[PDB]
Amino acid sequence: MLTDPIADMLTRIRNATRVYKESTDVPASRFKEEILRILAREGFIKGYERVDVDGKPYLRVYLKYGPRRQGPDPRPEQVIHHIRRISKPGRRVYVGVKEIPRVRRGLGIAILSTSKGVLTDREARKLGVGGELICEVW
Amino acid sequence: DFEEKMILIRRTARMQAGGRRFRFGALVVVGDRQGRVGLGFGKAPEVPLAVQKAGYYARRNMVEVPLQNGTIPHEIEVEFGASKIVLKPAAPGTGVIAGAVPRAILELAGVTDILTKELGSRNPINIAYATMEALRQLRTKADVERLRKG
Amino acid sequence: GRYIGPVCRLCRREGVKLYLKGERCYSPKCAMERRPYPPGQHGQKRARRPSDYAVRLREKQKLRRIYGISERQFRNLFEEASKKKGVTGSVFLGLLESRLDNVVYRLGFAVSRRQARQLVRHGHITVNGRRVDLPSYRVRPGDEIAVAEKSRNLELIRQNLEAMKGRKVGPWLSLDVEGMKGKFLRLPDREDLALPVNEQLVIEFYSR
Amino acid sequence: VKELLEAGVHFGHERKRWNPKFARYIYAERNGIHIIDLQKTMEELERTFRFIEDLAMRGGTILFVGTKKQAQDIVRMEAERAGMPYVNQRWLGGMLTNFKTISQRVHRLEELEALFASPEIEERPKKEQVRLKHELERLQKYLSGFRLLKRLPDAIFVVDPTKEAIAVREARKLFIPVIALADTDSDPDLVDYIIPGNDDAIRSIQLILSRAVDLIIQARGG
RNA sequence: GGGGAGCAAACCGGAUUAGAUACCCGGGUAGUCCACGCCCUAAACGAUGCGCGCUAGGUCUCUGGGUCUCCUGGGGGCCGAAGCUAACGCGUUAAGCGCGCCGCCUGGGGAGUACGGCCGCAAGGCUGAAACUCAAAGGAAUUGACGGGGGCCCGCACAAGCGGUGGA
RNA sequence: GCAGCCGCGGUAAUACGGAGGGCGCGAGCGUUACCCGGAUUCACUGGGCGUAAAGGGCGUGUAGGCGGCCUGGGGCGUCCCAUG
Ligand SMILES: [Zn+2]
């Protein structure tokens, strides 16, 4: 069974970039939408539009890559090198505001879900809250 | 200019009828105390010779290194099949903190204070190799912005 | 046992000039002049490439031996220096240069570091008014490190100051030869030090 | 020069042995064959030719290489017709990674050419004679074109890339531009400047190079 | 308890051999087939827990639907992108990228033993240590040698031939 | 005879025993014993199971763990503030 949504998502994303696709589909859902909402505004991706595949609702997340390298294997640096769920189901991990992590000397980002909504470590702290720390991405 | 530093040398055996014809292995690190560091694996029948060989190799596989006030702009762990390497930036006054190999490589990178740690197989060769792809990955705050633009 | 044995031999072990006897380690003879090889029956022998450890080591000692101070204090200092907010290295030399016995030396109230000790243990030293015999003492900034009224007319000390009219004092120090006094201005900066050492190696050494 | 819509030539080539990555470059299947979208090929060309022109007038060099049996004679021609170096016969492992070690062979040709003109010919053994005569022969086969290489080329015009992947591999590691008359069977991911096109057809290679070399010339100004 | 053609532990003889309680030959009882009941282990092996999603294709093949020189679903194979792997290898039949959940490992030998309990008619099985003792045990690859392994090729190496030593 | 471990010693021992010399530390220096450490070698951080030790011989399902899209109530977990 599909045991963790977000998780799948992240993996479709992760799994797509690696092969270098332009965009990748993925089951829609307000929440998942708010995460993609972040990515693009954070710049890890171009953007995403709502869609219907044979009648079902899907989110087209549009991939973003780096320039063509020189020399051998000109496989472009990927905008999203790292991306993993931190709090998994059956080992959920909530953090306190003090405890919010700094990612990659603050190069990456972290996304939680606070009672004031789904956020970025930076935003959270600016916001004075903490919550389910969904994922690392850099 | 460039400072040759000797990682390590090993003598290997190739077999044959009635003898154990040997072969020498050299590992060198080369750099500027600025930020270019080469690294070669020079193999040869005579050591001074292998060394001389490794020399050549290294001067080619150099790696420009970003250098915020003497340290590394951001942590990184890099798996090298076997060995893994932790690279973690620290404050001035802490001084390099690794072993023989990564030191040698960082030392010449002009890295000054930094926090290492070796894990998994501790094969000089690999470890080294790892500390390379290690450094090769590092990216500046700048370098990243440039990466997500437009 | 706070060392005290054959000296300008260490001037020789390190291969760098160790101003351990003062006058003389200026005449052709801190021995490094004309016999730079290290001691031992094998001094004149070709030396193999020194392990990372070796250098880290030899360099600790170079520091240490200069100040001529039992590892136990030396290491203690380095510990106390790690606990202070600062550049773990520069601060080291900080206290290192702040010891009463050293000060006296820099103040010129003595031919050498060693000599300075005695001067202290024998109590020819005033400190902000009172005498002091504990060298290891830490001279705070703004202290009048001086000479005891009693000691002023001394064949040694006298002949020393006589020399001072002719040498500038460390930038972090003042002294009124005329009255044989001297003040400790402010902790000296790394840039101000002359030492032929590389703290980094010293630090690097204490993490093994 | 610029050339028409001469479709009477490279519509498509390989069966279903293709390379997925090549997808972007095909129109459709017809009788079990991939047919290359030419309207597109045109968009490539307009770029690839833009590049060469830049090279030509900038006064660079381009090594022409195609070992395929068909293009064989045409490689020779075109490079000859152009002020260029080519590899007709066979491609030697390293005419770039190991250029300096190869260039030494050139010298051998240079040095033997001499003796077969000087008095010191017959005057000295006849066993060696043949033993040398042969050496020329072989050299004047492989290096026939390679001779014009004073240093490393500013670009490699490759015919069938997937066949010369070595020569590509090399160029790819020395940072030298790669141009190719590639088709269905190639992996575009490694050609700096591709040209989607049939190639076994003499009519293909013959056109692609013609207009290419023609371009080169009108670029220099002759 | 029934059944018993053939095969065949053990066992009877035969030959082989320094010997043969074996490999070869001739016989031969349990057994092997059936019913009921017990035993329950195994290289019970893909030596690869079950389920869901995602990641280029090519080709052979079983099978189903389609507008059937092509498309589309399910299964079995071989080659193979990216990726992974110590390496061999794996590769939409994952040893790839991920989530759930179960089982199991934590140096070799001593030991699958000892002791204890459970189970069984018995044979035994399941669970399962330590003392002591050793610095290894171990995987995959390399180069070699080597095989009463293979292919191919040489030399008065054999054959073919003449002449001899071994005798006096 | 040494020895923590790999080992050293059968007439050329930087590995035994003395000596010269040297390094290290100094009223101390060694040794043994025990704790944490190195050991991400019990792995929450931070491990594994094709051949290296490791998938239960298979199935069935009990407790239990884990669970799809939209909207609302409650707010227990969870986050923030103050306070003891
Ligand atoms: Zn001296």
# chains A, B, ... in the order shown; residues from 1 in each chain; ligands from 1

call {"tool": "select_by_dssp", "arguments": {"residues": "region 5-120 of chain A", "states": "alpha helix (DSSP H)", "output": "list in words"}}
result
residues 5, 6, 7, 8, 9, 10, 11, 12, 13, 14, 15, 16, 17, 30, 31, 32, 33, 34, 35, 36, 37, 38, 39, 40, 41 and 42 of chain A

call {"tool": "select_by_dssp", "arguments": {"residues": "region 125-158 of chain D", "states": "strand (DSSP E)", "output": "PDB file with C-alpha atoms, in the first residue's frame"}}
result
ATOM      1  CA  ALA D 155      37.269  20.762 -33.035  1.00  0.00           C
ATOM      2  CA  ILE D 156      36.390  17.343 -34.151  1.00  0.00           C
ATOM      3  CA  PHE D 157      34.018  16.793 -36.901  1.00  0.00           C
ATOM      4  CA  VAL D 158      32.983  13.202 -36.477  1.00  0.00           C
TER       5      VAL D 158
END

call {"tool": "residues_around", "arguments": {"residues": "region 35-37 of chain D", "least_positions_apart": "5", "cutoff": "8 Å", "atoms": "only C-alpha atoms (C1' of nucleotides)", "output": "ChimeraX atom specification"}}
result
/D:10-13,25-30,183-184,196-197

call {"tool": "write_last_selection", "arguments": {"atoms": "N, CA, C and O atoms", "output": "CSV table (one decimal), in the first residue's frame"}}
result
chain,number,residue,atom,x,y,z
D,10,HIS,N,18.5,12.5,-46.4
D,10,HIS,CA,18.6,11.9,-45.0
D,10,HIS,C,17.4,11.8,-44.2
D,10,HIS,O,17.4,12.0,-43.0
D,11,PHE,N,16.3,11.3,-44.8
D,11,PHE,CA,15.1,11.2,-44.1
D,11,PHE,C,15.1,10.3,-42.8
D,11,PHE,O,14.5,10.6,-41.8
D,12,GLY,N,15.9,9.2,-42.8
D,12,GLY,CA,16.0,8.4,-41.6
D,12,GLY,C,17.0,7.3,-41.9
D,12,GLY,O,17.3,7.0,-43.1
D,13,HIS,N,17.4,6.6,-40.9
D,13,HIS,CA,18.4,5.5,-41.1
D,13,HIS,C,18.2,4.2,-40.5
D,13,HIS,O,18.0,3.2,-41.2
D,25,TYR,N,14.9,13.7,-31.4
D,25,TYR,CA,15.2,13.9,-32.8
D,25,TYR,C,14.5,13.1,-33.8
D,25,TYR,O,14.9,13.1,-35.0
D,26,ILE,N,13.4,12.4,-33.5
D,26,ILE,CA,12.8,11.6,-34.5
D,26,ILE,C,11.3,12.0,-34.8
D,26,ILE,O,10.7,12.6,-33.9
D,27,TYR,N,10.9,11.8,-36.0
D,27,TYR,CA,9.5,12.1,-36.4
D,27,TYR,C,8.6,10.9,-36.2
D,27,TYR,O,7.6,11.1,-35.4
D,28,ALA,N,8.9,9.8,-36.8
D,28,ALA,CA,8.1,8.6,-36.5
D,28,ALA,C,8.6,7.3,-37.2
D,28,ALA,O,9.7,7.3,-37.8
D,29,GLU,N,7.9,6.2,-37.0
D,29,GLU,CA,8.2,4.9,-37.5
D,29,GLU,C,7.4,4.7,-38.8
D,29,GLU,O,6.3,5.1,-38.9
D,30,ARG,N,8.1,4.1,-39.8
D,30,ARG,CA,7.5,3.8,-41.1
D,30,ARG,C,8.2,2.6,-41.7
D,30,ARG,O,9.4,2.7,-42.1
D,183,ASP,N,22.9,10.1,-36.0
D,183,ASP,CA,21.5,9.6,-36.3
D,183,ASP,C,20.9,8.9,-35.1
D,183,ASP,O,21.3,9.1,-34.0
D,184,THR,N,19.9,8.2,-35.4
D,184,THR,CA,19.1,7.3,-34.5
D,184,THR,C,20.0,6.6,-33.4
D,184,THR,O,19.7,6.7,-32.2
D,196,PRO,N,21.5,15.7,-36.8
D,196,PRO,CA,20.7,14.5,-36.9
D,196,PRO,C,20.6,14.1,-38.4
D,196,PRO,O,20.3,14.9,-39.2
D,197,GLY,N,21.1,12.9,-38.7
D,197,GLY,CA,21.1,12.6,-40.1
D,197,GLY,C,21.5,11.2,-40.5
D,197,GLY,O,22.3,10.5,-39.8

call {"tool": "residues_near_ligand", "arguments": {"ligand": "ligand 1", "cutoff": "8 Å", "atoms": "only C-alpha atoms (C1' of nucleotides) and all ligand atoms", "output": "PyMOL selection string"}}
result
chain C and resi 7-9+11+17-22+24-25+29-32

call {"tool": "write_last_selection", "arguments": {"atoms": "N, CA, C and O atoms", "output": "PDB file, in the first residue's frame"}}
result
ATOM      1  N   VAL C   7      72.514  23.467  28.165  1.00  0.00           N
ATOM      2  CA  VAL C   7      71.580  24.288  27.424  1.00  0.00           C
ATOM      3  C   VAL C   7      71.695  24.483  25.933  1.00  0.00           C
ATOM      4  O   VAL C   7      70.951  23.816  25.221  1.00  0.00           O
ATOM      5  N   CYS C   8      72.481  25.484  25.487  1.00  0.00           N
ATOM      6  CA  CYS C   8      72.679  25.799  24.063  1.00  0.00           C
ATOM      7  C   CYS C   8      73.235  24.487  23.425  1.00  0.00           C
ATOM      8  O   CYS C   8      74.404  24.403  23.036  1.00  0.00           O
ATOM      9  N   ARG C   9      72.365  23.454  23.516  1.00  0.00           N
ATOM     10  CA  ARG C   9      72.414  22.037  23.041  1.00  0.00           C
ATOM     11  C   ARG C   9      71.010  21.781  22.412  1.00  0.00           C
ATOM     12  O   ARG C   9      70.793  20.878  21.577  1.00  0.00           O
ATOM     13  N   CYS C  11      69.458  24.618  21.612  1.00  0.00           N
ATOM     14  CA  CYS C  11      69.646  25.683  20.564  1.00  0.00           C
ATOM     15  C   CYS C  11      69.865  24.688  19.358  1.00  0.00           C
ATOM     16  O   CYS C  11      69.143  24.775  18.359  1.00  0.00           O
ATOM     17  N   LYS C  17      67.906  28.971  16.301  1.00  0.00           N
ATOM     18  CA  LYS C  17      68.562  29.666  17.406  1.00  0.00           C
ATOM     19  C   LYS C  17      67.678  29.891  18.671  1.00  0.00           C
ATOM     20  O   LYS C  17      66.635  30.570  18.647  1.00  0.00           O
ATOM     21  N   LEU C  18      68.105  29.277  19.771  1.00  0.00           N
ATOM     22  CA  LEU C  18      67.403  29.398  21.036  1.00  0.00           C
ATOM     23  C   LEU C  18      68.133  30.243  22.033  1.00  0.00           C
ATOM     24  O   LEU C  18      69.115  29.829  22.709  1.00  0.00           O
ATOM     25  N   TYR C  19      67.616  31.460  22.103  1.00  0.00           N
ATOM     26  CA  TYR C  19      68.182  32.484  22.940  1.00  0.00           C
ATOM     27  C   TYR C  19      67.924  32.058  24.377  1.00  0.00           C
ATOM     28  O   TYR C  19      66.896  32.364  24.989  1.00  0.00           O
ATOM     29  N   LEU C  20      68.839  31.202  24.832  1.00  0.00           N
ATOM     30  CA  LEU C  20      68.780  30.648  26.164  1.00  0.00           C
ATOM     31  C   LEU C  20      69.867  31.101  27.094  1.00  0.00           C
ATOM     32  O   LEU C  20      69.785  30.881  28.303  1.00  0.00           O
ATOM     33  N   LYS C  21      70.927  31.666  26.548  1.00  0.00           N
ATOM     34  CA  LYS C  21      71.917  32.176  27.441  1.00  0.00           C
ATOM     35  C   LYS C  21      72.153  33.672  27.274  1.00  0.00           C
ATOM     36  O   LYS C  21      72.911  34.249  28.044  1.00  0.00           O
ATOM     37  N   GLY C  22      71.520  34.311  26.289  1.00  0.00           N
ATOM     38  CA  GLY C  22      71.712  35.748  26.096  1.00  0.00           C
ATOM     39  C   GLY C  22      73.076  36.125  25.524  1.00  0.00           C
ATOM     40  O   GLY C  22      73.391  35.725  24.398  1.00  0.00           O
ATOM     41  N   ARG C  24      76.599  35.830  24.595  1.00  0.00           N
ATOM     42  CA  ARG C  24      77.210  34.570  24.218  1.00  0.00           C
ATOM     43  C   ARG C  24      76.398  33.970  23.130  1.00  0.00           C
ATOM     44  O   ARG C  24      77.017  33.591  22.137  1.00  0.00           O
ATOM     45  N   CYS C  25      75.066  33.825  23.283  1.00  0.00           N
ATOM     46  CA  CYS C  25      74.240  33.286  22.181  1.00  0.00           C
ATOM     47  C   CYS C  25      74.090  34.494  21.217  1.00  0.00           C
ATOM     48  O   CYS C  25      73.023  34.775  20.703  1.00  0.00           O
ATOM     49  N   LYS C  29      79.043  31.444  19.007  1.00  0.00           N
ATOM     50  CA  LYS C  29      78.756  30.324  19.901  1.00  0.00           C
ATOM     51  C   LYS C  29      77.361  29.959  20.551  1.00  0.00           C
ATOM     52  O   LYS C  29      77.410  29.357  21.624  1.00  0.00           O
ATOM     53  N   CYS C  30      76.138  30.217  19.996  1.00  0.00           N
ATOM     54  CA  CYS C  30      74.969  29.630  20.727  1.00  0.00           C
ATOM     55  C   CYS C  30      75.136  28.231  20.169  1.00  0.00           C
ATOM     56  O   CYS C  30      74.180  27.491  20.085  1.00  0.00           O
ATOM     57  N   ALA C  31      76.339  27.979  19.633  1.00  0.00           N
ATOM     58  CA  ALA C  31      76.860  26.753  19.055  1.00  0.00           C
ATOM     59  C   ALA C  31      76.345  26.515  17.677  1.00  0.00           C
ATOM     60  O   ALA C  31      77.015  25.898  16.848  1.00  0.00           O
ATOM     61  N   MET C  32      75.116  26.973  17.463  1.00  0.00           N
ATOM     62  CA  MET C  32      74.475  26.844  16.175  1.00  0.00           C
ATOM     63  C   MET C  32      75.420  27.496  15.213  1.00  0.00           C
ATOM     64  O   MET C  32      75.430  27.184  14.024  1.00  0.00           O
TER      65      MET C  32
END

call {"tool": "closest_residue", "arguments": {"among": "F:64, F:7, F:51, F:80", "to": "residue 139 (chain E)", "atoms": "only C-alpha atoms (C1' of nucleotides)"}}
result
F:51

call {"tool": "interface_residues", "arguments": {"of": "chain E", "to": "chain D", "cutoff": "10 Å", "atoms": "only C-alpha atoms (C1' of nucleotides)", "output": "ChimeraX atom specification"}}
result
/E:56-58,69-70,81

call {"tool": "write_last_selection", "arguments": {"atoms": "N, CA and C atoms (P, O5', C5', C4', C3', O3' and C1' of nucleotides)", "output": "PDB file, in the first residue's frame"}}
result
ATOM      1  P     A E  56      12.653   6.707 -16.977  1.00  0.00           P
ATOM      2  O5'   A E  56      12.862   5.365 -17.755  1.00  0.00           O
ATOM      3  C5'   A E  56      14.173   4.985 -18.036  1.00  0.00           C
ATOM      4  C4'   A E  56      14.436   5.194 -19.473  1.00  0.00           C
ATOM      5  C3'   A E  56      13.848   4.128 -20.377  1.00  0.00           C
ATOM      6  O3'   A E  56      12.456   4.411 -20.652  1.00  0.00           O
ATOM      7  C1'   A E  56      16.119   4.481 -20.909  1.00  0.00           C
ATOM      8  P     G E  57      11.571   3.410 -21.601  1.00  0.00           P
ATOM      9  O5'   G E  57      12.490   3.172 -22.892  1.00  0.00           O
ATOM     10  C5'   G E  57      12.243   2.098 -23.795  1.00  0.00           C
ATOM     11  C4'   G E  57      13.517   1.725 -24.503  1.00  0.00           C
ATOM     12  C3'   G E  57      13.494   0.391 -25.235  1.00  0.00           C
ATOM     13  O3'   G E  57      13.095   0.569 -26.590  1.00  0.00           O
ATOM     14  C1'   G E  57      15.412   0.542 -23.855  1.00  0.00           C
ATOM     15  P     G E  58      12.325  -0.611 -27.363  1.00  0.00           P
ATOM     16  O5'   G E  58      13.441  -1.709 -27.638  1.00  0.00           O
ATOM     17  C5'   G E  58      14.514  -1.430 -28.504  1.00  0.00           C
ATOM     18  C4'   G E  58      15.516  -2.552 -28.474  1.00  0.00           C
ATOM     19  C3'   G E  58      14.966  -3.939 -28.742  1.00  0.00           C
ATOM     20  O3'   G E  58      14.765  -4.136 -30.132  1.00  0.00           O
ATOM     21  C1'   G E  58      16.494  -4.014 -26.935  1.00  0.00           C
ATOM     22  P     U E  69      -1.877  -4.734 -38.723  1.00  0.00           P
ATOM     23  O5'   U E  69      -0.603  -5.029 -37.804  1.00  0.00           O
ATOM     24  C5'   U E  69       0.598  -4.261 -37.898  1.00  0.00           C
ATOM     25  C4'   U E  69       1.739  -5.142 -38.352  1.00  0.00           C
ATOM     26  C3'   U E  69       3.130  -4.525 -38.318  1.00  0.00           C
ATOM     27  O3'   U E  69       3.759  -4.692 -37.057  1.00  0.00           O
ATOM     28  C1'   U E  69       2.774  -5.423 -40.448  1.00  0.00           C
ATOM     29  P     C E  70       5.172  -3.978 -36.779  1.00  0.00           P
ATOM     30  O5'   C E  70       4.839  -2.954 -35.601  1.00  0.00           O
ATOM     31  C5'   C E  70       4.634  -1.571 -35.877  1.00  0.00           C
ATOM     32  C4'   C E  70       3.379  -1.090 -35.206  1.00  0.00           C
ATOM     33  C3'   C E  70       3.291  -1.350 -33.720  1.00  0.00           C
ATOM     34  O3'   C E  70       4.042  -0.483 -32.896  1.00  0.00           O
ATOM     35  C1'   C E  70       1.258  -1.960 -34.676  1.00  0.00           C
ATOM     36  P     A E  81      24.996  -0.403 -19.436  1.00  0.00           P
ATOM     37  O5'   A E  81      23.674   0.487 -19.464  1.00  0.00           O
ATOM     38  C5'   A E  81      23.438   1.398 -20.528  1.00  0.00           C
ATOM     39  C4'   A E  81      22.758   2.677 -20.029  1.00  0.00           C
ATOM     40  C3'   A E  81      23.150   3.281 -18.700  1.00  0.00           C
ATOM     41  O3'   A E  81      24.467   3.830 -18.807  1.00  0.00           O
ATOM     42  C1'   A E  81      20.815   3.645 -19.138  1.00  0.00           C
TER      43        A E  81
END

call {"tool": "interface_residues", "arguments": {"of": "chain D", "to": "chain A", "cutoff": "12 Å", "atoms": "only C-alpha atoms", "output": "list in words"}}
result
residues 21, 165, 166, 168, 169, 170, 171, 172, 173, 174, 175, 176, 177, 178, 187, 188, 189, 190, 191 and 192 of chain D

call {"tool": "closest_residue", "arguments": {"among": "B:62, B:108, B:8, B:72", "to": "chain A", "atoms": "only C-alpha atoms"}}
result
B:72

call {"tool": "residues_around", "arguments": {"residues": "residue 194 (chain C)", "least_positions_apart": "3", "cutoff": "12 Å", "atoms": "only C-alpha atoms (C1' of nucleotides)", "output": "list in words"}}
result
residues 63, 93, 97, 170, 171, 188, 189, 190, 191, 197 and 198 of chain C

call {"tool": "atom_distance", "arguments": {"atom1": "CA of residue 148 (chain C)", "atom2": "CA of residue 131 (chain C)"}}
result
7.2 Å

call {"tool": "closest_atom_pairs", "arguments": {"of": "chain B", "to": "chain A", "cutoff": "10 Å", "atoms": "only C-alpha atoms", "output": "CSV"}}
result
residue,atom,partner,partner_atom,distance
B:73,CA,A:105,CA,7.5
B:74,CA,A:105,CA,5.4
B:75,CA,A:104,CA,6.2
B:76,CA,A:104,CA,8.2
B:88,CA,A:105,CA,9.6
B:89,CA,A:105,CA,8.8
B:139,CA,A:107,CA,9.2
B:140,CA,A:107,CA,8.8
B:141,CA,A:107,CA,6.7
B:144,CA,A:107,CA,7.8
B:145,CA,A:43,CA,9.2
B:146,CA,A:66,CA,9.2
B:147,CA,A:66,CA,6.1
B:148,CA,A:43,CA,5.6
B:149,CA,A:43,CA,7.5
B:150,CA,A:46,CA,8.8

call {"tool": "write_last_selection", "arguments": {"atoms": "N, CA, C and O atoms", "output": "PDB file, in the first residue's frame"}}
result
ATOM      1  N   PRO B  73      33.396  26.128   3.392  1.00  0.00           N
ATOM      2  CA  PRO B  73      32.068  26.714   3.367  1.00  0.00           C
ATOM      3  C   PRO B  73      30.865  25.885   3.826  1.00  0.00           C
ATOM      4  O   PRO B  73      29.810  26.472   4.034  1.00  0.00           O
ATOM      5  N   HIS B  74      30.976  24.564   3.982  1.00  0.00           N
ATOM      6  CA  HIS B  74      29.829  23.736   4.429  1.00  0.00           C
ATOM      7  C   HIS B  74      30.176  22.273   4.582  1.00  0.00           C
ATOM      8  O   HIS B  74      30.876  21.714   3.758  1.00  0.00           O
ATOM      9  N   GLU B  75      29.618  21.620   5.586  1.00  0.00           N
ATOM     10  CA  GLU B  75      29.912  20.200   5.806  1.00  0.00           C
ATOM     11  C   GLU B  75      29.688  19.382   4.551  1.00  0.00           C
ATOM     12  O   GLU B  75      29.241  19.917   3.535  1.00  0.00           O
ATOM     13  N   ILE B  76      30.020  18.093   4.648  1.00  0.00           N
ATOM     14  CA  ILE B  76      29.852  17.102   3.581  1.00  0.00           C
ATOM     15  C   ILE B  76      30.441  15.791   3.992  1.00  0.00           C
ATOM     16  O   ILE B  76      31.519  15.734   4.600  1.00  0.00           O
ATOM     17  N   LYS B  88      33.866  18.898   8.040  1.00  0.00           N
ATOM     18  CA  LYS B  88      33.040  19.843   8.759  1.00  0.00           C
ATOM     19  C   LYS B  88      33.833  21.074   9.115  1.00  0.00           C
ATOM     20  O   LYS B  88      34.922  20.988   9.643  1.00  0.00           O
ATOM     21  N   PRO B  89      33.359  22.229   8.683  1.00  0.00           N
ATOM     22  CA  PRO B  89      33.999  23.514   8.943  1.00  0.00           C
ATOM     23  C   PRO B  89      33.922  23.928  10.411  1.00  0.00           C
ATOM     24  O   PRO B  89      32.916  23.656  11.073  1.00  0.00           O
ATOM     25  N   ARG B 139      30.508  23.908  -2.278  1.00  0.00           N
ATOM     26  CA  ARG B 139      29.965  25.001  -3.075  1.00  0.00           C
ATOM     27  C   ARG B 139      29.668  26.228  -2.144  1.00  0.00           C
ATOM     28  O   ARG B 139      29.195  26.053  -0.998  1.00  0.00           O
ATOM     29  N   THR B 140      30.087  27.425  -2.617  1.00  0.00           N
ATOM     30  CA  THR B 140      29.923  28.738  -1.937  1.00  0.00           C
ATOM     31  C   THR B 140      28.463  29.193  -1.874  1.00  0.00           C
ATOM     32  O   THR B 140      27.637  28.799  -2.718  1.00  0.00           O
ATOM     33  N   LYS B 141      28.175  30.098  -0.937  1.00  0.00           N
ATOM     34  CA  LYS B 141      26.840  30.663  -0.849  1.00  0.00           C
ATOM     35  C   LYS B 141      26.583  31.227  -2.246  1.00  0.00           C
ATOM     36  O   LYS B 141      25.582  30.944  -2.878  1.00  0.00           O
ATOM     37  N   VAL B 144      25.914  28.777  -5.136  1.00  0.00           N
ATOM     38  CA  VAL B 144      24.584  28.199  -5.060  1.00  0.00           C
ATOM     39  C   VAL B 144      23.525  29.132  -5.595  1.00  0.00           C
ATOM     40  O   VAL B 144      22.629  28.704  -6.319  1.00  0.00           O
ATOM     41  N   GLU B 145      23.625  30.407  -5.245  1.00  0.00           N
ATOM     42  CA  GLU B 145      22.661  31.377  -5.722  1.00  0.00           C
ATOM     43  C   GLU B 145      22.658  31.257  -7.250  1.00  0.00           C
ATOM     44  O   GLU B 145      21.644  30.873  -7.845  1.00  0.00           O
ATOM     45  N   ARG B 146      23.834  31.445  -7.844  1.00  0.00           N
ATOM     46  CA  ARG B 146      24.056  31.339  -9.289  1.00  0.00           C
ATOM     47  C   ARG B 146      23.346  30.118  -9.881  1.00  0.00           C
ATOM     48  O   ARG B 146      22.832  30.158 -10.998  1.00  0.00           O
ATOM     49  N   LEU B 147      23.323  29.043  -9.103  1.00  0.00           N
ATOM     50  CA  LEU B 147      22.706  27.778  -9.465  1.00  0.00           C
ATOM     51  C   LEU B 147      21.143  27.814  -9.544  1.00  0.00           C
ATOM     52  O   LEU B 147      20.567  27.217 -10.451  1.00  0.00           O
ATOM     53  N   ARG B 148      20.458  28.500  -8.625  1.00  0.00           N
ATOM     54  CA  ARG B 148      18.987  28.583  -8.689  1.00  0.00           C
ATOM     55  C   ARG B 148      18.540  30.023  -9.153  1.00  0.00           C
ATOM     56  O   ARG B 148      17.926  30.772  -8.381  1.00  0.00           O
ATOM     57  N   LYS B 149      18.821  30.392 -10.417  1.00  0.00           N
ATOM     58  CA  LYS B 149      18.505  31.747 -10.963  1.00  0.00           C
ATOM     59  C   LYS B 149      17.788  31.884 -12.325  1.00  0.00           C
ATOM     60  O   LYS B 149      18.337  31.541 -13.377  1.00  0.00           O
ATOM     61  N   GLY B 150      16.628  32.537 -12.299  1.00  0.00           N
ATOM     62  CA  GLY B 150      15.847  32.748 -13.508  1.00  0.00           C
ATOM     63  C   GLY B 150      14.518  32.002 -13.535  1.00  0.00           C
ATOM     64  O   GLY B 150      13.530  32.571 -14.063  1.00  0.00           O
TER      65      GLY B 150
END

call {"tool": "closest_atom_pairs", "arguments": {"of": "chain F", "to": "chain B", "cutoff": "12 Å", "atoms": "only C-alpha atoms (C1' of nucleotides)", "output": "tab-separated table"}}
result
residue	atom	partner	partner_atom	distance
F:39	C1'	B:119	CA	11.1
F:40	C1'	B:119	CA	7.6
F:41	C1'	B:120	CA	11.7
F:46	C1'	B:119	CA	10.6
F:47	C1'	B:120	CA	10.5

call {"tool": "closest_atom_pairs", "arguments": {"of": "chain E", "to": "chain A", "cutoff": "8 Å", "atoms": "only C-alpha atoms (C1' of nucleotides)", "output": "tab-separated table"}}
result
residue	atom	partner	partner_atom	distance
E:51	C1'	A:1	CA	6.2
E:52	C1'	A:1	CA	3.8
E:53	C1'	A:8	CA	6.4
E:54	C1'	A:12	CA	5.4
E:55	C1'	A:15	CA	5.9
E:82	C1'	A:19	CA	5.9
E:97	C1'	A:15	CA	5.8
E:98	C1'	A:11	CA	5.8
E:99	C1'	A:4	CA	5.4
E:100	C1'	A:3	CA	5.9

call {"tool": "interface_residues", "arguments": {"of": "chain F", "to": "chain C", "cutoff": "7 Å", "atoms": "only C-alpha atoms (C1' of nucleotides)", "output": "PyMOL selection string"}}
result
chain F and resi 21-22+26-27

call {"tool": "write_last_selection", "arguments": {"atoms": "C-alpha atoms (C1' of nucleotides)", "output": "PDB file, in the first residue's frame"}}
result
ATOM      1  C1'   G F  21      74.683   8.099  22.648  1.00  0.00           C
ATOM      2  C1'   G F  22      69.455   9.825  22.250  1.00  0.00           C
ATOM      3  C1'   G F  26      60.866  15.295  36.526  1.00  0.00           C
ATOM      4  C1'   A F  27      60.305  14.496  42.972  1.00  0.00           C
TER       5        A F  27
END
